[PDB]
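Chemist: this one's a deposited entry, sequence included:
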Amino acid sequence: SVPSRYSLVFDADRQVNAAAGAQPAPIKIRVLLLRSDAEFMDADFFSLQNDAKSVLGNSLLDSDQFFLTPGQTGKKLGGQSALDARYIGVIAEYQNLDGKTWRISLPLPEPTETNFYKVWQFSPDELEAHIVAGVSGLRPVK
């Protein structure tokens, strides 16, 4: 709500998501709007994949998804935030889950940090982050 929307721009490594002996394969990315990330960071992969709302309950505000092709750069997904949104959760459904960072939680700013809007009323109100789906997992870019 303040700011009102968000977006994530995704790059995927050319070698992302290639099993032993197999070619790199598109990977499913989910983006979840969250009231809190506690249940999200604790839930097991299957639970989140098969029924996120059940395992997350009231903590899940919204969710969206897309596929990312190995080597693809600058693929953007965004949506509207909500007043009580505190985190964006990101899940990457790697075929070989072991040792991969297949989930990340990104904290949204709190009241303090978006204070500038009452005075700077016309500043852009879309938060943007950049994520890479890498061979070892998801990581934000500096």
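Modeler: Happy to help now that I have it. Numbers count the residues shown, from 1 in each chain.
Chemist: so what sits opposite the residue nearest to the spatial centre of the chain in the bridge?
Modeler: Closest to where the C-alpha atoms of the chain average out (C-alpha atoms, centre = their mean) is residue 90, at 2.6 Å. Taking DSSP bridges as the rule, residue 90 bridges to residue 31, residue 104.
Chemist: next up, the contacts around it.
Modeler: Counting by C-beta atoms under 8 Å, 6 or more residues apart in numbering, residue 90 makes contact with 8, 29-32, 103-106, 131, 138. Where C-beta positions appear, they are placed from N, C-alpha and C, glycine not excepted.
Chemist: spell out the secondary structure type for the closest residue to residue 57 other than its chain neighbours.
Modeler: Leaving aside its sequence neighbours, residue 57 sits nearest to residue 39 (C-beta to C-beta, 6 or more residues apart in numbering; 7.0 Å). Classification of residue 39 by DSSP: H, G, I helix; E, B strand; the rest coil places it in helix.
Chemist: separation between residue 39 and residue 108?
Modeler: 17 Å (C-beta to C-beta, to the nearest Å).
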